[PDB]
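Engineer: Could you have a look at this structure, given as structure tokens, before my questions?
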Amino acid sequence: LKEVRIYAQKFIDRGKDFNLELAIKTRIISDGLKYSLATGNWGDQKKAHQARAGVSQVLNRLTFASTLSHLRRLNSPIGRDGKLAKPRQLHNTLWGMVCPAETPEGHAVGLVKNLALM
Amino acid sequence: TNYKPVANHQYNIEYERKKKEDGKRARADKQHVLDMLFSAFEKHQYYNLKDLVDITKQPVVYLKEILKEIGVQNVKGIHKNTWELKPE
Amino acid sequence: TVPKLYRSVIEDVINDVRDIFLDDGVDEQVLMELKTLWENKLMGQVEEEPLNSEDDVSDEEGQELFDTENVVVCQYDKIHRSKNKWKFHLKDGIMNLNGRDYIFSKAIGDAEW
Amino acid sequence: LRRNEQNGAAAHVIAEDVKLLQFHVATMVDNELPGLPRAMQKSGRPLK
Amino acid sequence: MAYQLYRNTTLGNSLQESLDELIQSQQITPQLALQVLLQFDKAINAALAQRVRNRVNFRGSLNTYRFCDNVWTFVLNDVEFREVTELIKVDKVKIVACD
Amino acid sequence: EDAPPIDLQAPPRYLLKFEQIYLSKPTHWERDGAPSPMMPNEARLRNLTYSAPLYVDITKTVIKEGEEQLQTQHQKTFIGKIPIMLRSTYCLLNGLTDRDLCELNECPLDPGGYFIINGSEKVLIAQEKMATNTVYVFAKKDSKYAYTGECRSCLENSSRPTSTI
Amino acid sequence: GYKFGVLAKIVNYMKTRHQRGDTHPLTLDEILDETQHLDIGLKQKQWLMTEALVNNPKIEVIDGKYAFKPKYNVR
Amino acid sequence: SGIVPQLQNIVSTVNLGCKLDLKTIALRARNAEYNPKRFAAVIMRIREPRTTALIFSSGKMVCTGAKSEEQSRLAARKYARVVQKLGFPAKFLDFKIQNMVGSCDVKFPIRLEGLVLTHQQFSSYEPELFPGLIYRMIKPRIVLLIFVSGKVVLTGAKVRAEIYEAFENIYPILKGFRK
Amino acid sequence: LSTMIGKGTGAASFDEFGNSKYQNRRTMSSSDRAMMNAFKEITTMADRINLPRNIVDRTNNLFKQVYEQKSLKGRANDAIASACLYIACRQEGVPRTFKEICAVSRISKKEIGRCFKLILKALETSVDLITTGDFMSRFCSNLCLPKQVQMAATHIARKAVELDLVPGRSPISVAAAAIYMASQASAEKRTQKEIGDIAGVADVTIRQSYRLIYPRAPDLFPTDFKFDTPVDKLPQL
């Protein structure tokens, strides 16, 4: 709508009517949605500095169980680089909600989780 | 049904027709332009060249040439340099 | 019919001049006298510089000078011509044909040149 | 900046140019200046 | 200071002649006569536009035409003014148009 | 719908309102311009993006200051393409029997739930965040505040991002 | 409008008259006659006689009347 | 070939050597029409030559519509006399023929699709823009409009020799694509 | 090649009154800036009619040559871009009609056609003549006609041109008439207005071209065509 307003403003200023179809830039939604899913950088390409990363990942097809697991994965807000035991701990409230066993070993222990079965 | 093939856009033929119907601005005699030019100065002390053209309805080059002989440009730092309709 | 339209024009004319006659301070009696008089009156040339080699290449110039024939005065909406013919989209106007006055609103005219 | 000096541009115009030259020279050596804008690579990636 | 078309007509000529008679008698100043003509032009122009709602047609041959300052001076020969109610024949006609 | 109508004024006044949204099947356009339904397997092989065309109804009303209003509706205006999650309600595989899926070279056991972007199967990982609009009181041992009660307030329908107090 | 435009025609007519070689001064009323300004307002007349025709550097007050200033200009 | 193109229109420009007042000419000229908003010249027409001429304030005049070289010069001279008869010092200086338009028929249909293929360097056939093939001859600088019906229009010639020479060159080419 | 200054973080980055002291400056060349805008316009038009990126890349290359050659410097860049887009489609073997290019461009058909001629002259290049079969796939697919009807229309137009039943007709007009003939001979029947809207041809033009090929309808149709409506009972108009 910002570019629809900008495009229509130029034509209305000149005194001529504007073509609505020519005002719409279809790349804005097509490429914006595609780019965020394509790269996983969440937000805008120009503003990748504040864009959340790792939201979109290539689906794991090593095994059927790995494929299912990747579709039920949970990412903790805490950054992987940062270290803090408490977010990595198995909180009581994960009962029935998050698998108490499935978690990667290494920097991501306790930060990447998987949904409980039901 | 989108972007259906068309030889010319409807908004474009209307603007083209309006421009053709209105026609190009004609170069009137100097005396008439001067008389109309000064009458405009009466309403407002200062006039912008772009807006002044509309009042005179004369070609920009022709208006500038006649305005240059008598009118002068005064530089204003607030917005820009504009023309002065006062001969002095 | 036309005389009735003329009478209506008189009413508009007198009404339209009442304000002006007050502005200049002239007595209203002038308007009454004006109407009375107005009603009565109605009812190998290598060196080509010399152009004298051609003569009688024009027509009589008295056509417009006389203007005694019927004259039509009106307004034009569109006037188109395609290589032979002139088309006239003349709007409301007046005509003076054989003294009798004709009035019209829409006029269409095709002529050959 | 050299053209502005030769062209005798306004002092404030040159001062703004000198500010940019200081920034580009500074971020050529250290692009992690505290409390200063980063020099990006035209794509959001800070220059190394 | 107006369109000034119908002055050179039977209606316009009569009005102009009448003003001359008063001027000769000193009844009206020359300025007043000009104002009267100016007001008449406004009234007649508005009168024709509103109270005339009849269409006409005509055909003929064009002998001469002119154009200047948005003013045509057509000169038609052997015009046949044809109307639904009546037909009028004329040897020559001059059509002056303005806009 | 929540988008404000676009008002233009520069005299004639133009208003644009986006009424209704339409989404078609994931379509692919050949170089000659012929559309065709895009099967997920074709997207994987030809490195296409599994996307559905997005159309919106737009009403254009113009006010010309002559006390006359002209209203025209541009039905189903193309405004872009939305990547489609596989086996979702708007996917081609939706509502296909296991036999139908095999005819499309699709595994019936494949659960879907991922996107195909440039032929790459992409899965959005659930992002965990603190609940919004809820008052939480925390104590910071080192900070200058003994206690700090925050609330991450967000508009209904997740409008302009969360504002924290 | 009014009160500010008739002066320009007076100046231009004065300039053109000087170009013809007429160095003789001209009265305010006389100049108005040839500039089609017979209807010029009264308060405009006094303003010209008091401010416009003296403050301008191209107007010379000679024997009461006003004349061009070719002496200041290089000729 | 046995076919000679017949000129359909000739454009000739002549300088009168004196500045003219366009407004005055329109008022007094018999057939002149002046519309500065539309065009900056004065358009005049004379029936006996059956030609139209444009008159500019600079004194240069363009004459068009003549069917022959003699008619163009005679028509141009007549226009100059009309301006001269209005009190201007109009003359007949550097009269020149700027363009000659000729048309003819080859009396057989032409396969324009084949012609453009063999002469793509000179031909330009775009049915979307124009239904006639545009051929730009190089040796004579003549542009030919060839049509499937066989009608051929030649234009841009400065002398009648080019019109005939251009047709003589293209006729054998057309004969090779007869339909 | 250049670097853009990022957003300020601390108080030192911001001037005495809010605004950042280090602001990006426009250092792009006028020629590059105009060329960058044309490529953006080229991609915007291509997305409107879903053109593949390879055609866009060909168009971008065409514009660069024309822009550098500078024979069209007097014409608007959008018209050059629109004409380059038209030429790229022809060069790739998937022509779009001038009307189809005009629909996705603010520039009119006349101005595209004029720039198209100049670009060919400037580039000293040519484009193969369009045939009726160059539009059948797009026109029939947009009309939602089956493959059998598309094949029938493709054969009818190709045979009609070979038989010279439509001499001098525009290939788009012939194709639209052929599609109408094939459409009327199958279950999926499309009106002249429907075919004209997709084809960009006035229904009168379809009527005229159709009337020329109607007399020899049985000859034009493919031999193995299943006539839902018999060729004898085809519309006569």
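Each answer follows from the model by the rule given with it, or from the source it names; nothing here is a laboratory result. Backbone-built Cβ (ideal geometry, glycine too); neighbour counts: all protein chains shown.
Engineer: Hey, any hits in the range I:102-113 for a residue that's within 13 Å of chain B (Cβ to nearest Cβ), more than 12 Å from the chain's Cα centre (by Cα) and more than 21 Å from residue I:64 (Cα to Cα)?
Structural biologist: Yes, there is a match, as at least one residue in the range I:102-113 is within 13 Å of chain B (Cβ to nearest Cβ), more than 12 Å from the chain's Cα centre (by Cα) and more than 21 Å from residue I:64 (Cα to Cα).
Engineer: For the range A:74-118, enumerate the residues that are of a type in the set (A, V, I, L, M) and surrounded by fewer than 11 Cβ atoms within 10 Å (Cβ to Cβ). It would help to see each step written out before you state the result.
Structural biologist: Restricting attention to the range A:74-118, the residues satisfying the condition of being of a type in the set (A, V, I, L, M) are A:74, A:78, A:84-85, A:90, A:94, A:97-98, A:101, A:108-109, A:111-112, A:115-118.
Across the range A:74-118, the qualifying residues are A:85, A:101, A:117, A:118.
Engineer: Checking the conditions here, which among I:98, I:139, I:116 is assigned by CATH to the domain that holds residue I:218, aromatic (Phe, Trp, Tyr) and buried (at least 21 other Cβ atoms within 10 Å of the Cβ)? Outline the logic, then answer.
Structural biologist: Values: I:98 fails: assigned by CATH to the domain that holds residue I:218; I:116 fails: assigned by CATH to the domain that holds residue I:218.
Only one candidate passes the filter, namely I:139.
Engineer: What are the residues in the range A:15-59 that are touching an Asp or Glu at 6+ places or on another chain (Cβ under 9 Å), under 26 Å from residue F:110 (Cβ atoms) and of a type in the set (S, T, N, Q), if any?
Structural biologist: Selection gives A:30, A:36.
Engineer: Name the pairs: first residue in the range C:101-113 and within 7 Å of another protein chain (Cβ to nearest Cβ), second residue of a type in the set (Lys, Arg) and not in a strand (DSSP E or B), Cβ to Cβ under 8 Å, at least 6 apart or on different chains?
Structural biologist: So the pair list comes out as C:105/E:53; C:113/H:47.
Engineer: OK, next. Give me the residue from the range E:1-10 that is of a type outside the set (S, T, N, Q) and more than 7 Å from every other protein chain (Cβ to nearest Cβ) and, out of that set, surrounded by the most Cβ atoms within 10 Å (Cβ to Cβ).
Structural biologist: We begin by selecting, within the range E:1-10, every residue of a type outside the set (S, T, N, Q); these are E:1-3, E:5-7.
Imposing the further condition that a residue be more than 7 Å from every other protein chain (Cβ to nearest Cβ) reduces the set to E:1-3, E:7.
Details: E:1: 6, E:2: 12, E:3: 13, E:7: 17.
Filtering the range E:1-10 for residues that are of a type outside the set (S, T, N, Q) and more than 7 Å from every other protein chain (Cβ to nearest Cβ), the one surrounded by the most Cβ atoms within 10 Å (Cβ to Cβ) comes out as E:7.
Engineer: Out of all the residues in the range H:99-108, is one or more within 14 Å of chain I (Cβ to nearest Cβ) and either within 29 Å of residue I:172 (Cβ to Cβ) or within 16 Å of the chain's Cα centre (by Cα) (or both)? Let's see the steps before the verdict.
Structural biologist: In the first step, residues of the range H:99-108 are kept if they are within 14 Å of chain I (Cβ to nearest Cβ); the result is H:108.
Filter once more, keeping what is either within 29 Å of residue I:172 (Cβ to Cβ) or within 16 Å of the chain's Cα centre (by Cα) (or both): H:108.
The answer is yes, given that some residue of the range H:99-108 is within 14 Å of chain I (Cβ to nearest Cβ) and either within 29 Å of residue I:172 (Cβ to Cβ) or within 16 Å of the chain's Cα centre (by Cα) (or both).
Engineer: Only residues that are surrounded by 17 or more Cβ atoms within 10 Å (Cβ to Cβ) and within 14 Å of chain H (Cβ to nearest Cβ): list them for the range B:29-40, please.
Structural biologist: Within the range B:29-40, just B:33 meets the criteria.
Engineer: Among I:47, I:32, I:57, which is in a helix (DSSP H, G or I), surrounded by fewer than 18 Cβ atoms within 10 Å (Cβ to Cβ) and within 14 Å of chain F (Cβ to nearest Cβ)? Spell out how you get there, then give the answer.
Structural biologist: Numbers: I:47 fails: surrounded by fewer than 18 Cβ atoms within 10 Å (Cβ to Cβ); I:32 fails: within 14 Å of chain F (Cβ to nearest Cβ).
Going through I:47, I:32, I:57 in turn, just one is in a helix (DSSP H, G or I), surrounded by fewer than 18 Cβ atoms within 10 Å (Cβ to Cβ) and within 14 Å of chain F (Cβ to nearest Cβ): I:57.
Engineer: Can you find, within the range I:155-171, the residue that is nearest to the other protein chains (Cβ to nearest Cβ) among those that are more than 15 Å from residue H:113 (Cα to Cα) and crowded, with 22+ Cβ neighbours inside 10 Å?
Structural biologist: The qualifying residue nearest to the other protein chains (Cβ to nearest Cβ) is I:157.
Engineer: Another one. I'm checking my understanding of the structure. Among residues of the range B:1-24 that are more than 7 Å from every other protein chain (Cβ to nearest Cβ) and within 24 Å of the chain's Cα centre (by Cα), which one is nearest to residue I:194 (Cα to Cα)?
Structural biologist: Ranking the candidates gives B:13 first.
Engineer: Go through the range F:4-47 residue by residue and tally those that are in a strand (DSSP E or B) and either touching a strand residue (DSSP E or B) at 6+ places or on another chain (Cβ under 8 Å) or more than 11 Å from every other protein chain (Cβ to nearest Cβ) (or both).
Structural biologist: Residues of the range F:4-47 that are in a strand (DSSP E or B), as a first pass: F:6-9, F:13-23, F:27-29, F:35-37.
Subset that is either touching a strand residue (DSSP E or B) at 6+ places or on another chain (Cβ under 8 Å) or more than 11 Å from every other protein chain (Cβ to nearest Cβ) (or both): F:6-8, F:13-23, F:27-29, F:35-37.
Looking only at that region, the number is 20.
Engineer: For the range E:24-75, how many residues meet the condition of being more than 7 Å from every other protein chain (Cβ to nearest Cβ), out of contact with any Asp or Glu (no Cβ under 7 Å at 6 or more places or on another chain) and among the polar types (S, T, N, Q)?
Structural biologist: The total comes to 9.
Engineer: Identify, from the list C:26, C:71, the residue that is over 30 Å from residue E:25 (Cβ atoms) and surrounded by 14 or more Cβ atoms within 10 Å (Cβ to Cβ).
Structural biologist: Being over 30 Å from residue E:25 (Cβ atoms) and surrounded by 14 or more Cβ atoms within 10 Å (Cβ to Cβ) holds for just one of C:26, C:71, which is C:71.
Engineer: Wholly within the range G:1-51, which helices (runs of 4 or more DSSP H) include no fewer than the required count, namely at least 3 residues that are more than 10 Å from the chain's Cα centre (by Cα) and more than 18 Å from residue G:67 (Cβ to Cβ)?
Structural biologist: Of the helices (runs of 4 or more DSSP H) lying wholly inside the range G:1-51, those with at least 3 residues that are more than 10 Å from the chain's Cα centre (by Cα) and more than 18 Å from residue G:67 (Cβ to Cβ) span G:42-47.
Engineer: List the helices (runs of 4 or more DSSP H) inside chain B, counting only whole elements, that have at least 1 residues being closer than 30 Å to residue I:45 by Cβ.
Structural biologist: B:10-22
Engineer: Would you tally the residues in the range E:42-54 being in contact with a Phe, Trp or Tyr (Cβ under 7 Å, 6 or more places away or on another chain) and either crowded, with 21+ Cβ neighbours inside 10 Å or farther than 18 Å from residue E:5 by Cα (or both)?
Structural biologist: 2
Engineer: Collect the residues in the range I:114-138 that are outside any helix (DSSP H, G or I) and among the polar types (S, T, N, Q), keeping them in residue-number order.
Structural biologist: Listed by number, the residues that qualify are I:125, I:126, I:131.
Engineer: Only one of (1) farther than 26 Å from residue I:8 by Cα; (2) surrounded by fewer than 19 Cβ atoms within 10 Å (Cβ to Cβ); (3) in contact with a strand residue (DSSP E or B) (Cβ under 7 Å, 6 or more places away or on another chain) fails for residue A:42. Which number is that?
Structural biologist: Tallying (1) farther than 26 Å from residue I:8 by Cα; (2) surrounded by fewer than 19 Cβ atoms within 10 Å (Cβ to Cβ); (3) in contact with a strand residue (DSSP E or B) (Cβ under 7 Å, 6 or more places away or on another chain), residue A:42 fails exactly one: (1).
Engineer: Could you please find all residues in the range E:17-38 being in a helix (DSSP H, G or I), surrounded by 18 or more Cβ atoms within 10 Å (Cβ to Cβ) and β-branched (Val, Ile, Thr)?
Structural biologist: Residue satisfying the conditions is E:36 alone.
Engineer: Got at least one residue in the range I:139-152 being in a helix (DSSP H, G or I), of a type in the set (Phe, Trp, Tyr) and away from chain B (no Cβ under 14 Å)?
Structural biologist: Narrowing the range I:139-152 to residues in a helix (DSSP H, G or I): I:139-143, I:147-152.
With the extra rule that they be of a type in the set (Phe, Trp, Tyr), the set shrinks to I:139.
Restricting the remaining residues to those that are away from chain B (no Cβ under 14 Å) gives none.
So far as the range I:139-152 goes, no, none of its residues is in a helix (DSSP H, G or I), of a type in the set (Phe, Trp, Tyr) and away from chain B (no Cβ under 14 Å).
Engineer: Report every pair of residues separated by at least 6 positions or lying on different chains whose Cβ atoms are under 7 Å apart, first residue within the range C:67-79 and within 7 Å of chain E (Cβ to nearest Cβ), second of a type outside the set (S, T, N, Q) and part of a loop (DSSP other than H, G, I, E, B).
Structural biologist: As it stands, the answer is C:73/E:5; C:75/E:99; C:76/E:99, since those pairs meet every condition given.
Engineer: So, one more: If you go through the range I:153-170, how many residues are β-branched (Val, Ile, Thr) and assigned to a loop (DSSP other than H, G, I, E, B)?
Structural biologist: 1
Engineer: Restricting to the range E:1-16, give me the number of residues that are under 24 Å from residue C:77 (Cβ atoms) and assigned to a helix (DSSP H, G or I). I'd like the intermediate steps shown before the answer.
Structural biologist: Step one: of the range E:1-16, the residues under 24 Å from residue C:77 (Cβ atoms) are E:2-9, E:11-12.
Those left that are additionally assigned to a helix (DSSP H, G or I): E:6-8, E:11-12.
Looking only at that region, the number is 5.
Engineer: Residues in the range B:31-51: is at least one at positive phi and either of a type in the set (A, V, I, L, M) or out of contact with any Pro (no Cβ under 7 Å at 6 or more places or on another chain) (or both)?
Structural biologist: No, because not a single residue in the range B:31-51 is at positive phi and either of a type in the set (A, V, I, L, M) or out of contact with any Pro (no Cβ under 7 Å at 6 or more places or on another chain) (or both).
Engineer: Here is a further query. Residues to consider are G:45, G:58; find the one that is within 14 Å of chain B (Cβ to nearest Cβ), of a type in the set (D, E, K, R) and either surrounded by fewer than 20 Cβ atoms within 10 Å (Cβ to Cβ) or in contact with a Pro (Cβ under 7 Å, 6 or more places away or on another chain) (or both).
Structural biologist: Exactly one of G:45, G:58 is within 14 Å of chain B (Cβ to nearest Cβ), of a type in the set (D, E, K, R) and either surrounded by fewer than 20 Cβ atoms within 10 Å (Cβ to Cβ) or in contact with a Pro (Cβ under 7 Å, 6 or more places away or on another chain) (or both), namely G:58.
Engineer: Also: Specify the residue that is surrounded by the fewest Cβ atoms within 10 Å (Cβ to Cβ); the eligible residues are those in the range D:25-48 that are more than 7 Å from chain I (Cβ to nearest Cβ) and touching a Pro at 6+ places or on another chain (Cβ under 9 Å).
Structural biologist: Taking the candidates together, the pick is D:32.
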